[PDB]
Structures are given as C-alpha cells and as structure tokens.
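Visitor: just need the structure, nothing else, for what follows:
(8 chains, ligands or ions: 4)
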Amino acid sequence: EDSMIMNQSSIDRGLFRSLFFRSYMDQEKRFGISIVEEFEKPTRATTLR
Amino acid sequence: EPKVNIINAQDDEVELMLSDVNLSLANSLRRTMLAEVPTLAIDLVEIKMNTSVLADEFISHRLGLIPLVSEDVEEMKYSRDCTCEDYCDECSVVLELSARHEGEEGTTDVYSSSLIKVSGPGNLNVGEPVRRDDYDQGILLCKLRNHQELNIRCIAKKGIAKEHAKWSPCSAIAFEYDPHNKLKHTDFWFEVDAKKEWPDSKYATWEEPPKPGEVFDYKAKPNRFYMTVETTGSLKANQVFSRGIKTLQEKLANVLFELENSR
Amino acid sequence: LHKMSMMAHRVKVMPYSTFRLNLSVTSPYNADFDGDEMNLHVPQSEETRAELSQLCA
Amino acid sequence: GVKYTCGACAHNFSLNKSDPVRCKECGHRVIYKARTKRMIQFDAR
Amino acid sequence: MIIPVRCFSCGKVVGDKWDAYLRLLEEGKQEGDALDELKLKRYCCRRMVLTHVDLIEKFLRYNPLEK
Amino acid sequence: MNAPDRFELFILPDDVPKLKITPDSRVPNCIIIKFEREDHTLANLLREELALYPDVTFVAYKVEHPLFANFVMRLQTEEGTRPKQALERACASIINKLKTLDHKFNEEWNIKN
Amino acid sequence: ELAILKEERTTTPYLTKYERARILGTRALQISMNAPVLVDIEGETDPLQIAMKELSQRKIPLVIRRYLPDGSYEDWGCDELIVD
RNA sequence: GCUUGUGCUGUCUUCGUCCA
Ligand SMILES: [Mg+2]
Ligand SMILES: [Zn+2]
Ligand SMILES: [Zn+2]
Ligand SMILES: [Zn+2]
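Guide: Numbering: from 1, shown residues only, chains lettered A, B, ... in the order given. Ligands and ions are numbered 1, 2, ... in the order given. Let me share the structure:
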C-alpha cells in the first residue's frame, strides 16, 4: 500500500537527515505618549497574568 | 569437524571458506560480526566554542562516525555497568580537538588526526583514531576560514552496532554458497536461456560444474560457504572473526546458565 | 460515504507516531499508506463502549 | 552586562538597557546576542 | 555540504578520499578510473563520491559573524 | 517523540526474566520457551541445531513483531528425553563447534601470515 | 390503555441486536455502580463480561418496552426473549 | 523562616495534503 522499508543503519549514518529552522518575531508597540511595551524579565510580584 | 580455509589475508580484509558447518551457523556468525562485536566510538561531545559554518549536531554526528582503535576494548567496561561517578578512566576515553585558522586569507581543513587523546585506561591500546599510515591525514571533519575556531572535548565509550551503526567494526560482509546452483535454491529468471543470461560467480571455478547427465540430488545440503569480512580499521579482520565467535559462545553460555539456574 | 467508513477497533499501544491497521481493512476505509490520515474517537461510558463493541465492531 | 556583536564589523560591546540599539564603531542598526556560557552537550548520533 | 564520513549503504569510510579524488581528477584520470584507484569497488560507495556536491565552499565565502 | 530507546533491544530489565518456560499440554512432552532481548541470530542457530537431533520431533520459532526484541520457541521431544535437556545439549554442541572453528581459524591465520 | 395484554403480543419473540446492545450496556453500567449480581462470578471482573454472563443465563432483571407506531406498547421480560 | 505563579483574539485571503 505504497509503504516502504528503510535501512536503520543508513539512517544512523546520515541518510535523509535534515536541519529545521523556525524564527519568531516580536516588537514594542506604542499605545500613547508614554505608554510603551518593554522587553524585560517578568516577575510574579510586579507583573500580572 | 568444521574446517577453515583462508584465501586472501590482509589487515583490513580476509577472504575465507567455511566448510562442514550449518548455514544457520555461518549466517549467525555474519550477523554477530555485523551487529554485536563491541568497539569504541565517540558518544558525548562537549562544545566549548564553534564558530564554523557547520551546525553543532552536524559536527557531533560526524565525530560519532570516526573509527577509533578498539584492540583492548574487551578489558574496558560498559558505562552503565561502571560504579564510578560521571566518567572515569575504566569506562571512557577523552579526546580533545582545537582548531583555528591563522591569517586573513585561505582556508584550513580540520582532520581526524587533530584529535588528541587526553585520558583513558592505563596501558590499554584504545582511543586513538585509526590512521592508514603515519603521513595520512585522516577523515575531513570541517573547514575553517579566518576568525573561525573549533574547540571540543569528546568522550569515547564502548558499544555495539545494535544501539547505533557507528559502533560497527565491519562495513560489508560478502556471503555466498553454491555457485553452480546444484541445490536449486534459486530459480533463474530468463528471456531465452538462463545459462548465458546470468554472469558466473567469482567462486564458480572452485567447484566442479554439474554433469549434463546428472540427476538432481535431493539429499544434499549447503556445505561450503565463502565470505569476505571488511573492517573499518577499528579492528583487524582476524580480531573481528575471533571476537564474533567469542560473542556467540558467550550468548550460548548465558542461555545455558539461565537454563541451569531455572531449576 | 458508507457505514463501513466508521468501525470499532481494539486498542494496542505501540511505539512510533502512526496508527496501524491490518491491511484487509484498507478496502472499506478506501485508505492507503502514502500520506493518508484517519481519526479516532474514544467512548466515555459503559453503555457507549457496549454499543461500539456490539454494533460497530 | 549582556554582550552583543555587530552585524557588519563583528565588534563586541555591551548595553545597559538604556542605550540606542546601534553599533559603537560603525553605527550599524543590526546587532546579535552572544552565545551563552552554560554547558552545551551533544550525543554524537 | 561536506563529504560524508561513511557510505550510507555499507558504512565504508569514504571521508578520507575526497582530496585524493580531486587530485586524481586534476592529473587527468577519468572519474571511473579515479574511483578504481581509490579502491572503491561496490557501486554504493562509488555513488557517494561520484554524486557529492561540495556546498561548504559556497558557505565559506560569507564573512565570519564573530571575531 | 514516540521512538523507544535503542538500548532496549539488548538490555534486560530488572523485573523481566531472560527465559520463561511453560508446558504445551496439547501434545505430550512439549514446552514453550520465551526468550527476551534476543532475535534471529540465536533463534535460527538453536532451531537448526535441534532439528538434526534424532530425539527431537518438533522445533520451531517465531518473532511475533519486529518492533519488540523477543522470540518464542516450541520444542517437542521423544518420551525418554526431556526438551530442556535437548536444549542444553544443543547449546553445548554449538559451543564446542565454535571452539574448534576458532582454533582452526587461528591455526590457519598463523600459518598464512 | 396503551399497554397491550400479554396474551395478544404480536412482536417478535427474539431479542434484536439493538435491544441486546442496550441491555448489555445498561446492565454493565448498573454493575459498575454497585448493583447486586444475580449470577455466580468465578473470576470475572469486567462489568460487560458479567453482564454477558447474566444474559447467557437469562438472569438480567430488566424489561424491554417496545413501542408501536400508533403509541401503544408491549412489555417483554429479558428472560422470555430468545437470545442467540 | 521560608514557600510557585495558573491562559487566548476575530475576519478575510492565499498556498498546500488525502480522497473524489
Ligand atoms: Mg493515499
Ligand atoms: Zn567508570
Ligand atoms: Zn559595527
Ligand atoms: Zn558502500
């Protein structure tokens, strides 16, 4: 049914091995004259949710 | 009763003939040499700096596949069987590679001869990467241009090809019996004539071709087996053959011990 | 397309990330192994389990 | 406190969360974080 | 990208023969004759060296990101 | 993600025995042996050694699934002999054969070197 | 009114497959909710298997009310319906 | 004396996967 058998030793030696890259994006939005998002490490005391 | 005859002999390949043995015994010996003879290979890679164009796991995979000298690996212990804390000298070998390109032009090649053995078992011949000659450079690992450096620390451990193919001592084992097809174990596909459409075996001159007036012998069994064992350099061919025999004997003795202990 | 596209099977827990079928049931599902995907539904009650095991098996 | 690297002249510097994101010497607008100091290990398989 | 260390099919070490192969091709030998000289008999091993594309030479032409 | 550890093919768990023997009551003098963390390499060797014994009337093995490293053997012997004794004799005989094979190989290698 | 006297019951005297499935499910649920069992269980633990054992011995204490299209109904005991 | 935090958008568009 269109299946195939592959050699596990060939896989171990590097057959069809591949690299995968994924990128994420983020930026600081401007909401008002002084309301700006900030890149920082949040803390359970000062930060909510 | 079993007999061995050697046709060609070399450090990295032996071509022999097995006679008066069962087909199952020869096949089990082939399988044991392919998958169950222990060797030494790099298993853990600590990367202290890598500014090359190759990914870290790429270089780690390439390092795993480098054949190391495994002559005394029988005296070493398995890492999971060693009571030591972390890695010690009785279950691991430590190698270190440090490469850099000096100058603002050209390219530097990183070879497996640049791997330096730092620690290992005392007086055991294990750990050094295999080299064909004294002037051989070895396996190409990476390439570096200006301001690119590679600094790694590798740990070589003992294992078998069942866990990963990097621990296999052999590359390919040719195996063949009955070149003239007297046992009729294969039925030859043909268009006009099977005899002249199929190339002759390389051992066809080692056996007498069947007579035209001969009738099929139903009492015969495969008796003579031709096999060539090619090694990667981590072990010599005779060492591989002897250790395969020893591994099979140990497996059988373990079965016998379990049987006797079952009572 | 028809009621043999939904049938009740018995679970066998196995490694790797695919569903595994006997090859004789690929005809009622009209399925092959060149990239197809199939869905699985778990009953949540004794009555519903009995219905699956006695009617849709 | 945190090291960076310029995207053009590969110069290393530091930022204090108050300077503009720029290279000091060539004024490129693109900078990259430096690699961590934690131990990095691979299984060579 | 860079020459594989082992043959995919059988695992023979082919990663130490790339520079010798390029040298032999420089001297004017045919590709089949060069592969014969390097003792690559099985066509599984001959495929590894005959069909390899060296992409690392293109990757090395970009300036290093750290100095 | 769902791939099992490769060392599970040959490393025996603490709670899993290497060998489990149960009788097969359908026919007389038959046992079923379950081998753990083994494959065709030992199975075929033992089967074709046992098949040549005059007092062994039935011997077979099967690997139920290739994703699990185990096989099950069925062994039936004559009235006088017990199947476990036949299995022990087969193991000892193969060990002796491998011993003389190794001796002759070492002799021939020393001769030719 | 809507009930039909036991002497003039005209529906089939066999347990259909839908009735068998529903009765097994309901009995298994009741057994799993600590209802008394009417058969001797040797080593069985699964409620569905116990329900099947009860069905085979005609010991299920349930009644099937079969509805006719006009609204009337017939009451059949699980012990008087033939089960294959 | 010091104690571990408890969740997620909408609407279109395009490109794809397995059948048909
Ligand atoms: Mg399909
Ligand atoms: Zn140790
Ligand atoms: Zn700059
Ligand atoms: Zn090859």
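Visitor: and the strands in chain G?
Guide: G:63-67, G:73-77 (DSSP state E).
Visitor: kindly reformat those as JSON lines containing mean neighbour count and distance to chain E.
Guide: The way it works is simple: take the backbone N, C-alpha and C, and place the C-beta from them, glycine included. Compiled in JSON lines, the strands of chain G are given as follows (neighbours: other C-beta atoms under 10 Å in any protein chain shown; distance: least, C-beta to the nearest C-beta, whole Å):
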{"stretch": "strand G:63-67", "mean neighbour count": "13", "distance to chain E": "67"}
{"stretch": "strand G:73-77", "mean neighbour count": "15", "distance to chain E": "70"}
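Visitor: and of these, who's closest to chain D?
Guide: Chain D lies closest, by C-beta to the nearest C-beta, to one member of the strands of chain G: strand G:63-67, at 62.9 Å.
Visitor: residue of chain D nearest ligand 4, please.
Guide: Evaluated by C-beta to the ion, chain D has residue D:45 as its residue closest to ligand 4, separated by 20.4 Å.
Visitor: and the gap between that residue and chain E?
Guide: Here the criterion is C-beta to the nearest C-beta, to the nearest Å. By it, residue D:45 lies 13 Å from chain E.
Visitor: could you say which helix or strand holds that residue?
Guide: Taking DSSP states H and E as the definition, residue D:45 sits outside all helices and strands.
Visitor: got the contact list for it?
Guide: With C-beta atoms under 8 Å, 6 or more residues apart in numbering or on different chains as the criterion, the residues that contact residue D:45 are A:12, B:43, B:60-61, B:64, B:164, B:166.
Visitor: how is residue F:95 assigned, secondary-structure-wise?
Guide: Following DSSP: H, G, I helix; E, B strand; the rest coil, we place residue F:95 in the helix state.
Visitor: please apply the same query to the one 10 residues further on.
Guide: Local secondary structure at residue F:105 is given as helix here, using three-state DSSP.
Visitor: doesn't residue B:243 make contact with it?
Guide: No. The pair residue F:105 and residue B:243 fails to qualify as a contact (C-beta atoms under 8 Å) at a distance of 11.8 Å.
Visitor: so what's the residue nearest to the spatial centre of chain B up against?
Guide: Centroid-nearest residue in chain B: residue B:169, 1.6 Å away (criterion: C-alpha atoms, centre = their mean). Taking C-beta under 8 Å, 6+ apart as the criterion, residue B:169 is in contact with B:33, B:37, B:39, B:70, B:161, B:231-232, B:234-235, B:240.
Visitor: same question for residue C:12.
Guide: By C-beta under 8 Å, 6+ apart, the contact set of residue C:12 is residue C:20.
Visitor: need the phi and psi values for residue B:129.
Guide: Recorded main-chain torsions at residue B:129 are phi -60, psi 140, according to degrees, to the nearest 10.
Visitor: and if you look at residue F:111?
Guide: Reported as degrees, to the nearest 10, the phi and psi values for residue F:111 are phi -60, psi -50.
Visitor: that one and chain A: what is the separation?
Guide: To chain A, residue F:111 is 35 Å away according to C-beta to the nearest C-beta.
Visitor: so what's the residue count around that residue?
Guide: Other residues within reach of residue F:111, judged by other C-beta atoms under 10 Å in any protein chain shown, total 8.
Visitor: how about residue E:47?
Guide: Per other C-beta under 10 Å, the neighbour tally for residue E:47 reads 16.
Visitor: next up, identify which helix or strand it is on.
Guide: With elements taken from DSSP H and E, the one containing residue E:47 is helix E:43-50.
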